[PDB]
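Colleague: Please find one structure pasted underneath; my questions will follow.
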Amino acid sequence: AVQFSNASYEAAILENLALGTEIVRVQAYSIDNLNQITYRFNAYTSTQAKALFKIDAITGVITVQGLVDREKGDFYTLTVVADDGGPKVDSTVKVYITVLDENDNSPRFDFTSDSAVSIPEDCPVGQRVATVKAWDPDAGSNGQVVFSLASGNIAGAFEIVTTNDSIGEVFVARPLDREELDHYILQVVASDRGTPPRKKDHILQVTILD
Ligand SMILES: [Ca+2]
Ligand SMILES: [Ca+2]
Ligand SMILES: [Ca+2]
Ligand SMILES: [Ca+2]
Ligand SMILES: [Cl-]
Ligand SMILES: [K+]
């Protein structure tokens, strides 16, 4: 009765790996079987999994043949048949593939993010003055967004609070004075928490009214 070298196979692979990267090699054998084995995926293997992975008929080597994107799917199950090509019932084995995250996305600002606002000079300290929104689809820290006011925030006039790793709330932090300064060009930076962080800028202009 044909057996595999392992009861099941597993691999954790990085997303975005090159076409042709080897994932695992399946190997089956039996002393009382002199047919060359043909390795193949059976119909319990999903179309999605078959598109990303292939198995060599002779070697049992499983390679990447599509674009592996953790953002589209992070786990696949293959069922491999050790097909002897003859009337004996053929053994099968499971292959479990886990896709690990790369920091392959920067924060992207939502088009509803505020670009230009006007506020009067008596806008009180604590008043919410603008809102920005950014999205980062990566996992864990790689997909958590933090906002900052990297330039143009003269005298610490404004502050930005981050909520839900996505929304940036701009508040008045100190009293404003139109004669002192009537216009701000704030460089709002959305950064993820990857190592190193990936960053994107958004310009928010604030006019001070009379
Ligand atoms: Ca990806
Ligand atoms: Ca057979
Ligand atoms: Ca990211
Ligand atoms: Ca990713
Ligand atoms: Cl191997
Ligand atoms: K090998």
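The way I read the labels, and the way they are meant: chains A, B, ... in the order of the structure tokens, residue 1 as the first residue of every chain, and ligand 1 as the first ligand shown, with later ones counted on from there.
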Report as a ChimeraX atom specification all protein, DNA and RNA residues lying within 8 Å of residue 168 in chain A, evaluated on only C-alpha atoms, omitting residues in the same chain fewer than 5 positions from it.
Modeller: /A:131-133,147,160-163
Colleague: May I have the selected residues written with C-alpha atoms, as a compact mmCIF listing (two decimals), in the first residue's frame?
Modeller:
# COMPACT_ATOMS: atom_id res chain seq x y z
CA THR A 131 -10.94 64.86 8.92
CA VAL A 132 -8.72 62.57 6.82
CA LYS A 133 -9.05 58.86 6.17
CA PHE A 147 -1.18 60.06 11.41
CA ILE A 160 -4.06 65.13 14.71
CA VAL A 161 -5.60 62.18 16.58
CA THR A 162 -5.68 58.71 15.08
CA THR A 163 -8.73 56.47 15.58
Colleague: Let me have all residues with an atom within 10 Å of ligand 5, counting only C-alpha atoms and all ligand atoms, laid out as an MDAnalysis selection string.
Modeller: chainID A and resid 5 9:11 22:27 60:62
Colleague: Write out, as a PDB file, in the first residue's frame, the residues just selected, with N, CA, C and O atoms.
Modeller:
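Dumped everything to out-v7.pdb:
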ATOM      1  N   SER A   5       6.043  10.117   2.439  1.00  0.00           N
ATOM      2  CA  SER A   5       7.131  10.402   3.395  1.00  0.00           C
ATOM      3  C   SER A   5       6.651  11.138   4.662  1.00  0.00           C
ATOM      4  O   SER A   5       7.335  11.134   5.706  1.00  0.00           O
ATOM      5  N   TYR A   9       1.651  17.380   4.508  1.00  0.00           N
ATOM      6  CA  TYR A   9       2.713  18.338   4.267  1.00  0.00           C
ATOM      7  C   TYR A   9       2.191  19.748   4.597  1.00  0.00           C
ATOM      8  O   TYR A   9       1.004  20.041   4.445  1.00  0.00           O
ATOM      9  N   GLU A  10       3.061  20.613   5.095  1.00  0.00           N
ATOM     10  CA  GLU A  10       2.689  22.015   5.317  1.00  0.00           C
ATOM     11  C   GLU A  10       3.847  22.942   4.978  1.00  0.00           C
ATOM     12  O   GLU A  10       5.012  22.536   5.016  1.00  0.00           O
ATOM     13  N   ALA A  11       3.524  24.172   4.604  1.00  0.00           N
ATOM     14  CA  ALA A  11       4.544  25.183   4.401  1.00  0.00           C
ATOM     15  C   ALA A  11       3.955  26.545   4.667  1.00  0.00           C
ATOM     16  O   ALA A  11       2.795  26.786   4.334  1.00  0.00           O
ATOM     17  N   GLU A  22       9.867  26.838  -5.348  1.00  0.00           N
ATOM     18  CA  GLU A  22       9.447  25.582  -4.775  1.00  0.00           C
ATOM     19  C   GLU A  22       8.923  25.800  -3.362  1.00  0.00           C
ATOM     20  O   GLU A  22       9.553  26.493  -2.560  1.00  0.00           O
ATOM     21  N   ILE A  23       7.820  25.135  -3.069  1.00  0.00           N
ATOM     22  CA  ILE A  23       7.073  25.229  -1.823  1.00  0.00           C
ATOM     23  C   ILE A  23       7.330  24.004  -0.952  1.00  0.00           C
ATOM     24  O   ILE A  23       7.655  24.117   0.221  1.00  0.00           O
ATOM     25  N   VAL A  24       7.088  22.830  -1.534  1.00  0.00           N
ATOM     26  CA  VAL A  24       7.330  21.540  -0.868  1.00  0.00           C
ATOM     27  C   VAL A  24       7.519  20.503  -1.952  1.00  0.00           C
ATOM     28  O   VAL A  24       7.081  20.690  -3.093  1.00  0.00           O
ATOM     29  N   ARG A  25       8.138  19.399  -1.572  1.00  0.00           N
ATOM     30  CA  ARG A  25       8.164  18.224  -2.424  1.00  0.00           C
ATOM     31  C   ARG A  25       7.429  17.056  -1.759  1.00  0.00           C
ATOM     32  O   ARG A  25       7.766  16.644  -0.664  1.00  0.00           O
ATOM     33  N   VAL A  26       6.451  16.499  -2.455  1.00  0.00           N
ATOM     34  CA  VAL A  26       5.703  15.335  -1.996  1.00  0.00           C
ATOM     35  C   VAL A  26       6.459  14.113  -2.551  1.00  0.00           C
ATOM     36  O   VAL A  26       6.929  14.115  -3.695  1.00  0.00           O
ATOM     37  N   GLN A  27       6.562  13.070  -1.742  1.00  0.00           N
ATOM     38  CA  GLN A  27       7.231  11.832  -2.162  1.00  0.00           C
ATOM     39  C   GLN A  27       6.449  10.671  -1.618  1.00  0.00           C
ATOM     40  O   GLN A  27       6.128  10.644  -0.433  1.00  0.00           O
ATOM     41  N   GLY A  60       7.116  15.332  -7.941  1.00  0.00           N
ATOM     42  CA  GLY A  60       6.306  15.719  -6.796  1.00  0.00           C
ATOM     43  C   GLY A  60       6.609  17.102  -6.208  1.00  0.00           C
ATOM     44  O   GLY A  60       6.087  17.434  -5.145  1.00  0.00           O
ATOM     45  N   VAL A  61       7.428  17.901  -6.894  1.00  0.00           N
ATOM     46  CA  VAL A  61       7.787  19.242  -6.445  1.00  0.00           C
ATOM     47  C   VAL A  61       6.625  20.183  -6.732  1.00  0.00           C
ATOM     48  O   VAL A  61       6.096  20.209  -7.867  1.00  0.00           O
ATOM     49  N   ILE A  62       6.196  20.904  -5.703  1.00  0.00           N
ATOM     50  CA  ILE A  62       5.110  21.881  -5.855  1.00  0.00           C
ATOM     51  C   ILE A  62       5.757  23.259  -6.007  1.00  0.00           C
ATOM     52  O   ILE A  62       6.582  23.648  -5.164  1.00  0.00           O
TER      53      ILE A  62
END
Colleague: My list of candidates is A:46, A:191, A:63, A:16. Which is closest to ligand 6 when distances are computed with only C-alpha atoms and all ligand atoms?
Modeller: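 Smallest separation from ligand 6 among the options: A:63.
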Colleague: Set the distance at 8 Å and use only C-alpha atoms: which residues neighbour residue 201 in chain A once local chain neighbours fewer than 2 positions away are removed? I'd like the list as a PDB file with N, CA and C atoms, in the first residue's frame.
Modeller:
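Writing done, so here's around_14.pdb:
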ATOM      1  N   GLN A 187       1.307  69.248   6.103  1.00  0.00           N
ATOM      2  CA  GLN A 187       1.667  67.962   5.484  1.00  0.00           C
ATOM      3  C   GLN A 187       1.205  66.854   6.443  1.00  0.00           C
ATOM      4  N   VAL A 188       0.048  66.268   6.127  1.00  0.00           N
ATOM      5  CA  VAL A 188      -0.501  65.150   6.894  1.00  0.00           C
ATOM      6  C   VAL A 188       0.198  63.906   6.372  1.00  0.00           C
ATOM      7  N   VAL A 189       0.869  63.183   7.259  1.00  0.00           N
ATOM      8  CA  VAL A 189       1.516  61.916   6.901  1.00  0.00           C
ATOM      9  C   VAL A 189       0.733  60.776   7.563  1.00  0.00           C
ATOM     10  N   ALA A 190       0.343  59.800   6.749  1.00  0.00           N
ATOM     11  CA  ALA A 190      -0.170  58.521   7.208  1.00  0.00           C
ATOM     12  C   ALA A 190       0.972  57.539   7.073  1.00  0.00           C
ATOM     13  N   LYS A 199       4.952  55.169   4.209  1.00  0.00           N
ATOM     14  CA  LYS A 199       4.336  56.459   4.466  1.00  0.00           C
ATOM     15  C   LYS A 199       3.746  57.061   3.205  1.00  0.00           C
ATOM     16  N   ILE A 203      -1.863  66.805   1.601  1.00  0.00           N
ATOM     17  CA  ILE A 203      -1.820  68.216   1.921  1.00  0.00           C
ATOM     18  C   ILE A 203      -3.196  68.655   2.380  1.00  0.00           C
TER      19      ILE A 203
END
Colleague: Counting only C-alpha atoms and all ligand atoms, name the residues that have an atom within 7 Å of an atom of ligand 2; the answer should be given as a PyMOL selection string.
Modeller: chain A and resi 83-90
Colleague: Keeping only N, CA and C atoms, write the selected residues to a file as a compact mmCIF listing (two decimals), in the first residue's frame.
Modeller:
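Final output, saved to result_16.txt:
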# COMPACT_ATOMS: atom_id res chain seq x y z
N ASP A 83 -0.51 8.63 -8.00
CA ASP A 83 -1.28 7.85 -8.97
C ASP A 83 -0.35 6.84 -9.65
N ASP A 84 -0.58 5.55 -9.40
CA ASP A 84 0.27 4.51 -10.00
C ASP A 84 -0.08 4.18 -11.47
N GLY A 85 -1.19 4.73 -11.97
CA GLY A 85 -1.60 4.48 -13.35
C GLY A 85 -2.13 3.08 -13.66
N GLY A 86 -2.46 2.34 -12.61
CA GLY A 86 -2.94 0.97 -12.72
C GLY A 86 -4.11 0.75 -11.79
N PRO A 87 -4.66 -0.47 -11.77
CA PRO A 87 -5.93 -0.70 -11.07
C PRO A 87 -5.91 -0.58 -9.55
N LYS A 88 -4.74 -0.66 -8.91
CA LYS A 88 -4.69 -0.50 -7.45
C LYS A 88 -5.17 0.89 -7.05
N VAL A 89 -5.86 0.94 -5.92
CA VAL A 89 -6.35 2.20 -5.37
C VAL A 89 -5.13 3.03 -4.95
N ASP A 90 -5.17 4.31 -5.31
CA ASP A 90 -4.04 5.21 -5.13
C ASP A 90 -4.20 6.01 -3.84
Colleague: Which polymer residues have any atom within 7 Å of an atom of residue 172 in chain A, counting only C-alpha atoms, with same-chain residues fewer than 3 positions away left out, as an NGL selection string?
Modeller: :A and (124-129 or 157-159)
Colleague: Mind dumping the selected residues with N, CA, C and O atoms as a compact mmCIF listing (two decimals), in the first residue's frame?
Modeller:
# COMPACT_ATOMS: atom_id res chain seq x y z
N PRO A 124 -12.22 77.43 18.87
CA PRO A 124 -11.67 77.14 20.19
C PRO A 124 -10.67 75.99 20.21
O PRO A 124 -10.73 75.12 19.34
N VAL A 125 -9.77 75.99 21.19
CA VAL A 125 -8.83 74.89 21.41
C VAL A 125 -9.67 73.65 21.69
O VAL A 125 -10.53 73.69 22.56
N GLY A 126 -9.41 72.56 20.98
CA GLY A 126 -10.23 71.37 21.14
C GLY A 126 -11.22 71.16 20.01
O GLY A 126 -11.68 70.04 19.86
N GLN A 127 -11.55 72.19 19.23
CA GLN A 127 -12.49 72.05 18.11
C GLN A 127 -11.94 71.20 16.97
O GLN A 127 -10.84 71.48 16.45
N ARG A 128 -12.71 70.20 16.57
CA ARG A 128 -12.44 69.38 15.38
C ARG A 128 -12.58 70.22 14.11
O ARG A 128 -13.67 70.70 13.80
N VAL A 129 -11.49 70.32 13.36
CA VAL A 129 -11.37 71.23 12.22
C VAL A 129 -11.32 70.54 10.86
O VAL A 129 -11.68 71.13 9.84
N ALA A 157 -0.06 74.79 16.23
CA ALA A 157 -1.44 75.30 16.18
C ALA A 157 -2.45 74.14 16.19
O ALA A 157 -3.45 74.21 16.91
N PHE A 158 -2.16 73.10 15.41
CA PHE A 158 -3.04 71.92 15.28
C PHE A 158 -2.44 70.64 15.81
O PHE A 158 -1.23 70.52 15.97
N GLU A 159 -3.32 69.68 16.09
CA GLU A 159 -2.90 68.34 16.42
C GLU A 159 -3.79 67.39 15.64
O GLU A 159 -4.86 67.79 15.18
Colleague: Could you list, with a cut-off of 12 Å and counting only C-alpha atoms and all ligand atoms, the residues of chain A near ligand 4, each shown with its nearest atom pair and the distance in Å rounded to one decimal, rows sorted by chain and ascending number, as a tab-separated table?
Modeller:
residue	atom	partner	partner_atom_place_in_ligand_line	distance
A:14	CA	ligand 4	1 (Ca)	9.3
A:15	CA	ligand 4	1 (Ca)	7.2
A:16	CA	ligand 4	1 (Ca)	8.8
A:68	CA	ligand 4	1 (Ca)	10.3
A:69	CA	ligand 4	1 (Ca)	7.2
A:70	CA	ligand 4	1 (Ca)	5.7
A:71	CA	ligand 4	1 (Ca)	5.8
A:72	CA	ligand 4	1 (Ca)	9.4
A:73	CA	ligand 4	1 (Ca)	10.5
A:74	CA	ligand 4	1 (Ca)	10.1
A:99	CA	ligand 4	1 (Ca)	9.7
A:100	CA	ligand 4	1 (Ca)	8.0
A:101	CA	ligand 4	1 (Ca)	4.6
A:102	CA	ligand 4	1 (Ca)	4.3
A:103	CA	ligand 4	1 (Ca)	4.9
A:104	CA	ligand 4	1 (Ca)	4.8
A:105	CA	ligand 4	1 (Ca)	6.3
A:106	CA	ligand 4	1 (Ca)	9.7
A:107	CA	ligand 4	1 (Ca)	11.7
A:136	CA	ligand 4	1 (Ca)	9.0
A:137	CA	ligand 4	1 (Ca)	6.8
A:138	CA	ligand 4	1 (Ca)	4.2
A:139	CA	ligand 4	1 (Ca)	6.4
A:140	CA	ligand 4	1 (Ca)	9.7
A:141	CA	ligand 4	1 (Ca)	10.6
A:142	CA	ligand 4	1 (Ca)	7.4
A:143	CA	ligand 4	1 (Ca)	8.0
A:144	CA	ligand 4	1 (Ca)	11.8
A:192	CA	ligand 4	1 (Ca)	11.7
A:194	CA	ligand 4	1 (Ca)	10.4
A:198	CA	ligand 4	1 (Ca)	12.0
Colleague: Which residues are near range 30-32 of chain A? Cut-off 9 Å, only C-alpha atoms, ignore same chain within fewer than 2 positions. Put them as a count of residues only.
Modeller: 6
Colleague: Just checking: using only C-alpha atoms and all ligand atoms, which residue out of A:59, A:166, A:53, A:39 ends up closest to ligand 6?
Modeller: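 Closest to ligand 6 of all the choices is A:59.
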Colleague: What is the distance, in Å and to one decimal place, between CA of residue 77 in chain A and CA of residue 19 in chain A?
Modeller: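 Interatomic distance, CA of residue 77 in chain A to CA of residue 19 in chain A: 19.0 Å.
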Colleague: Choose the residue, out of A:6, A:36, A:151, A:207, that has the smallest atom-to-atom separation from residue 130 in chain A; count only C-alpha atoms.
Modeller: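 Distance minimum relative to residue 130 in chain A lands on A:207.
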Colleague: Can you tell me, as JSON, numbers by chain, which residues in range 16-181 of chain A count as helix (DSSP H, G or I) by DSSP?
Modeller: {"A": [47, 48, 49, 50, 51, 52, 140, 141, 142, 143, 154, 155, 156]}
Colleague: Taking the DSSP secondary structure from the backbone, can you list the residues of range 130-209 of chain A that are strand (DSSP E or B), as a ChimeraX atom specification?
Modeller: /A:130-135,145-151,158-163,167-172,183-192,199-209
Colleague: In Å, with one decimal, what is the gap from CA of residue 79 in chain A to CA of residue 18 in chain A?
Modeller: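 CA of residue 18 in chain A lies 22.7 Å from CA of residue 79 in chain A.
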Colleague: In Å, with one decimal, what is the gap from CA of residue 165 in chain A to CA of residue 149 in chain A?
Modeller: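 These two atoms are separated by 15.8 Å.
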